[PDB]
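First to last, the protein sequences are chains A, B, C and D. Just so it is clear: in the first sequence, position 12 is 12 by this note's numbering, and no numbers are missing. Count along the second sequence starting at 1, add 12, and that's the number in this note's numbering. Count along the third sequence starting at 1, add 69, and that's the number in this note's numbering. Count along the fourth sequence starting at 1, add 126, and that's the number in this note's numbering. No residue lacks a Cβ here, since even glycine has one placed at the ideal position from N, Cα and C. Here is the structure we will look at.
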Amino acid sequence: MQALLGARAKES
Amino acid sequence: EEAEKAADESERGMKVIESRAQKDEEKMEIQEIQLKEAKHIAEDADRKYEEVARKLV
Amino acid sequence: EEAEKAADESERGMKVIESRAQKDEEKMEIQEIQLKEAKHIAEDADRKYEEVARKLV
Amino acid sequence: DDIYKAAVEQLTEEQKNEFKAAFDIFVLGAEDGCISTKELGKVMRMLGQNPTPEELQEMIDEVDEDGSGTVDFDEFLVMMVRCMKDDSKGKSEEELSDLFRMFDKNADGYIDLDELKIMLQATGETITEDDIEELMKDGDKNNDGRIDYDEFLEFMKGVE
C-alpha cells in the first residue's frame, strides 16, 4: 500500500 | 496522397482494429461472464455431483 | 504532416486498440479456454454426476 | 463475520469510507462494480495480491456475511480485516485445558449449557442464552447438549 500510493500511502 | 492513403489505412486499420478489438473485447467479456457462469456450472456440476455422490456415499 | 499525422495518430490509436485487441484477444482466448475447461469440468462433473447418479441407483 | 464487523465497529469507520472510495475504484475491471471471484482477482491485482478462484471465492465465503457470492463493500471491509494470520494464543489442549477447567466448571470435562452460562455470566459482559447456546452449538458439533473439550475446540478454535 505504501510504496504503491506513494505520497498518498494510506491503507496498510 | 500516400499519407492520406496511410491516413485511411491507419484509420481504417484503427477502425478494423476497433471493430476487432470490440469483437475481442466482447468475446473477452462474453467468455469472462460465461466463464464465471461455466465455473458456476462447474461448481454446480460438482455441487450436484457431490449431492448425488454424497448420497452414493 | 496532417495526413501523415492522421496516419500516425490513427496508427497510435490503432496501436493502443490493437494492443487492446491483443489483450482482449489473449484474454478471450484465455477465458474461452478456461470456459471450455470450466465447462469441461462442469461436463466432467455432470458426467461424474451421471456416473454417480447411475451408480447411486 | 461478526468478528470482522466487530473490527469494523471496534475500529473507526473513516477507514470504511476509505474502502468505499477504494471500492469505487473497484468498479475498474469490475463488470459488476463489486468484488466477485473474478472481480476479487482483478481487485486484488488492483489491491496488490491475487488469490485464487477458490481463494477469491472463499474470501467471498469468508466475507459472505449475507452470502452474497461476492465481496461487497462491507464484505470488502471484512476482506481488509480478513486476509492475515493474527488470532493469537492458539488456545488448545494446554491453554483451552487451562480454560476448560473453568469452561467445564465441573472439573469433569463438559461445558454444559450451565457451565457455559456460568462462564459467560462470569465474563462480566452482557450474556444471553442465545450467546450461551450458540456457543454450545459451536461446541456441540458432537452435540452432547454439553460442550465436550473437543466440542470446546470446535467452539473456541483459535478464538482468544
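- Unbroken alpha helix (DSSP H) stretches of 4 residues or longer found wholly inside the region 189–229 of chain D: 199–206, 221–229, given in chain order.
- Bridge partners of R272(D) according to DSSP: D238(D).
- Put simply, the CB of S22(B) is near chain C, with a gap under 7 angstroms to one of its CB atoms.
- Contact between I29(B) and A90(C) holds, with the beta-carbon distance rounding to 6 angstroms and staying under 8 angstroms.
- Chain B places no beta carbon closer than 7 angstroms to that of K243(D), leaving this residue out of the contacts.
- At a cut-off of 7 angstroms between beta carbons, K164(D) contacts chain B.
- With a threshold of 16 other beta carbon atoms within 10 Å, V69(B) falls short and is exposed.
- Counting only the Cα atoms, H109(C) lies some 19 angstroms from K39(B).
- Collapsing the DSSP output to three states places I29(B) in a helix.
- The straight-line gap separating the alpha-carbon atoms of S162(D) and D198(D) is approximately 8 angstroms.
- Residues of the region 40–63 of chain B with a Cβ closer than 7 angstroms to any Cβ of chain D, in chain order: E41, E44, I45, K48, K51.
- Contact note: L5(A) does not reach chain D at a C-beta cutoff of 9 angstroms; the least C-beta distance is about 11 angstroms.
- Listed in chain order, the positions of the region 145–177 of chain D with a beta carbon within less than 8 angstroms of a beta carbon of chain B are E157, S162, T163, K164.
- The continuous stretches of alpha helix (DSSP H) do not include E139(D), and DSSP gives it neither H nor E.
- If you draw a straight line from the Cα of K267(D) to the Cα of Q247(D), it is about 23 angstroms long.
- When rounded, the separation of the alpha-carbon atoms in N176(D) and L166(D) is 8 angstroms.
- Taking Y130(D) as the centre and dropping the five residues before and after it, the same chain places the C-beta of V204, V207, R208 closer than 6 angstroms to its C-beta, in chain order.
- In this structure the region 177–192 of chain D does not lie against the region 239–256 of chain D, because fewer than three pairs of beta carbons, one per stretch, are closer than 8 angstroms.
- Under the three-state reduction of DSSP, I253(D) is assigned to coil, being neither helix nor strand.
- Following the DSSP letters along the chain, one finds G159(D) in no alpha helix (DSSP H), marked with neither H nor E.
- One thing to note: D264(D) has its Cβ no nearer than 7 angstroms to the Cβ of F278(D).
- Annotation: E94(C) to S88(C) spans about 9 angstroms, alpha carbon to alpha carbon.
- Rounded to the nearest whole angstrom, the CA to CA distance from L5(A) to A148(D) is 12 angstroms.
- Each residue's CA atom was taken as its position, placing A65(B) and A54(B) some 15 angstroms apart.
- For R66(B), the closest Cβ of chain C is not nearer than 7 angstroms.
- Secondary structure of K283(D) (DSSP, three-state): coil.
- If you look at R171(D), you'll find it in the alpha helix (DSSP H) that goes 163–173.
- The Cβ atoms of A107(C) and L47(B) lie closer than 7 angstroms to each other.
- Between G216(D) and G284(D) the beta-carbon gap is near 6 angstroms, inside 8 angstroms, which marks them as a contact.
- Per the coordinates, the alpha-carbon of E62(B) lies some 12 angstroms from the alpha-carbon of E120(C).
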